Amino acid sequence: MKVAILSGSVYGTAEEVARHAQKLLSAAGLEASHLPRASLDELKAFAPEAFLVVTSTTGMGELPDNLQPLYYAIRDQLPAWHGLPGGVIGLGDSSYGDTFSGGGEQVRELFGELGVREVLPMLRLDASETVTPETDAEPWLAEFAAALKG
């Protein structure tokens, strides 16, 4: 089962979470790949059977520059990914006021528009409560793999 792992990151934190996710899901036997700065061409070639998106939110409450263009491309083209399983990890900070993971929510909305089935609730990782987001994502990732396998 091919799992496309997408990331949105300003300073690399969500990207490191995504890379961690790739190793864990691959360890579980999934054909998981992290595709940073992926294009529609790359996803088409990959032919994903599942999606994991790991994204922060910018200070302006938008998806980061390395996920926003792809987001718009997917929304505009709407590939026939209806029914495929998906999950979202949202990196926020309640200190800043991003208590909800804005970028993450926008991805959830895109899943709805595509017909991608959210298999787990979004993981909300908050900098005001953790400094080890990779490690903290592990229990959710364990359940996520179970949802795919599964």
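Don't overthink the numbering: it's just position in the shown sequence, from 1.
With 8-16 and 134-142 compared on mean CA B-factor from the PDB entry, the stretch scoring higher is 8-16.
Looking at 25-33 and 59-67 together, the entry lists the larger mean B-factor for 59-67, computed on C-alpha atoms.
For the set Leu40, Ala50, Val53, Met122, the maximum C-alpha B-factor listed in the entry falls on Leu40. Ranked by Cα temperature factor within the chain, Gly90 sits in the lowest third according to the deposited record. Ranked against the other modelled residues of its chain, the C-alpha B-factor of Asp98 as given in the entry falls in the highest third.
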